[PDB]
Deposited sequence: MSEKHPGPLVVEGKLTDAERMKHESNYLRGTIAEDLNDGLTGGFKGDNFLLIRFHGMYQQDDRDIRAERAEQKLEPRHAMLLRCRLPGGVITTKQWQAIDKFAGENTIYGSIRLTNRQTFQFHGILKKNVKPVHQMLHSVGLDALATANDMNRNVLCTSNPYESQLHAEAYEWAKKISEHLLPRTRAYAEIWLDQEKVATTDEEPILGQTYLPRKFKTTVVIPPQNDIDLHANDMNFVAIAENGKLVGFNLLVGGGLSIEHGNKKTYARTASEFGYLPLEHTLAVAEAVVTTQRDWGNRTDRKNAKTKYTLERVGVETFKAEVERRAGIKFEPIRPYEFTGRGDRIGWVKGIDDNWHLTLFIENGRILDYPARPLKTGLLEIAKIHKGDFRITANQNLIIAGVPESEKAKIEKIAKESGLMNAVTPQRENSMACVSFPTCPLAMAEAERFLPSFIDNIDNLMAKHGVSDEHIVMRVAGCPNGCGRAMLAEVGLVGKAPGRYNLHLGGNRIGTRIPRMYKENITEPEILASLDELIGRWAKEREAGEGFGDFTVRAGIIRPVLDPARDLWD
């Protein structure tokens, strides 16, 4: 089961309660951070179905209704301009409440984004509010609509799509624009085929300008031109970063977001002990990591000692920090190939390739989905693996670091040794032929290794 938790923000009181439930009332005993900034339990003792909704209520949390088609609303967790988080989080939470129960055809995903960071992967979402600020205060949002990554193997009527720019709106019209987008999707969405009901398909059927025009009419606003924004990356800021005031944020890399006491690495007990002394709250990131947020400088050495000792600060390569996998087996009923349990050893092999070609300090945004529903967001990666059968994946290449391009399929239905043999060849070509600061995804496009995806509804499929 899964929780509503806008922006990933969770208090220490809430953390201790979900930690107790996980340890005592689930089969796996783990807390799993998701890439939509919330958490999951796995294998709830069906003896404890009622107790989980009361445990959650006991600390001020609610679970979504699965008939309810909205999902968790994301918000940039660790903005470089640290003062912007409070206003942005406030709006993510406002949008979240405003869309709580208008029955939708398909599920609906929303984000609040703070440039230059695209950690929340806006182009995977139906509705995106890109924050624009003046003098350290929010003034409004650029609206991008119509992203979604789910596809069906072999079905060229399905496709991943990035999101389309509509225009800028002042802060005052946010809730109105949000509802206008939702109801327009609700009314114009396909009533015959579930598989065609997503906003990306509606937008392609009626045209972007037709959809934008209806949203303007319903919201009683006109869109201003887009105000300038640029993204520089999608990773988390692992380690200490200086927040506002004398506060500090410690971002901890958690492999697969899986929080459990392991031999010599008591990740779950360490976070408990941190929770009990930490003066602030936690932030779950869209990269399945955890921020100890708002640590006063005086408290840094105490927090870091616990995290150090528990294994929560074991150093990993930049590659491993920028790699992700969905849950997949053993718990997902839709899974086709391993993802979570495949990734650690697969990145071991990638680490070796990266060292052998002398690029062990750089990274390739690399992701694995266990099936083409796309939960791992493989369809926005530089290198994406999409599960097809046990041990077999479609290999996609040619996304970019900032997640604004769909990678085209490169090789179909191949095994891990075959994937590694191909990546070895390509990483070597990249190591020697790349220009200054050129990403691997961009390189495969430039070197003619793969043709880019320019208009996915039309040219994703060869």
Checklist entry - Tell me, which runs of residues in the deposited sequence have no coordinates at all? => result 1 to 81, 148, 184 to 209
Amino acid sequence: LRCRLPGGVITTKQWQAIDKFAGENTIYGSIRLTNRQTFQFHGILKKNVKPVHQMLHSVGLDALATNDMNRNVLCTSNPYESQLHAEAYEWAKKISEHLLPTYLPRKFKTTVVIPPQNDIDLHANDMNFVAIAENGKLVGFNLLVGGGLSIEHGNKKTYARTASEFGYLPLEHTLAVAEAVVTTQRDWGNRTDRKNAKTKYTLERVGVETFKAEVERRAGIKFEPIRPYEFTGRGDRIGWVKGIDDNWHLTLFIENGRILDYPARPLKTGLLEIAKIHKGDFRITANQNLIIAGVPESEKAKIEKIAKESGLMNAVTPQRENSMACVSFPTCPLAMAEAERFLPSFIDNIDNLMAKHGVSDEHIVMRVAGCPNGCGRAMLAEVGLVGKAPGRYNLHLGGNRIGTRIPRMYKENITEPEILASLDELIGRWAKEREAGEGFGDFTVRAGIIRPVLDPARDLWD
From here on, numbers count along this sequence of modelled residues.
Checklist outcome for this item: Once average C-alpha B-factors are taken from the entry for 199 to 207 and 185 to 193, the winner is 185 to 193
Checklist entry - Mean C-alpha B factor from the entry: is it higher for 56 to 64 or for 31 to 39? => result 56 to 64
Next on the checklist: Take the CA temperature factors straight from the PDB entry and tell me which of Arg161, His363, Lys109, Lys156 peaks.
Outcome noted: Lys156
Checklist entry - Between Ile419, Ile402, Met409, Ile44, which carries the biggest CA temperature factor in the record? => result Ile44
Checklist outcome for this item: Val139: C-alpha B-factor third of its chain, per the entry, is the middle
Checklist entry - Lowest, middle or highest third: where is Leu5 by C-alpha B factor in its chain? => result middle
Checklist entry - Should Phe443 be placed in the lowest, middle or highest third of its chain by the C-alpha B factor in the entry? => result middle
Checklist outcome for this item: For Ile244, the third of its chain by CA B-factor is the highest
Checklist outcome for this item: Entry-reported C-alpha B-factor of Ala431 relative to its chain, by third, is highest
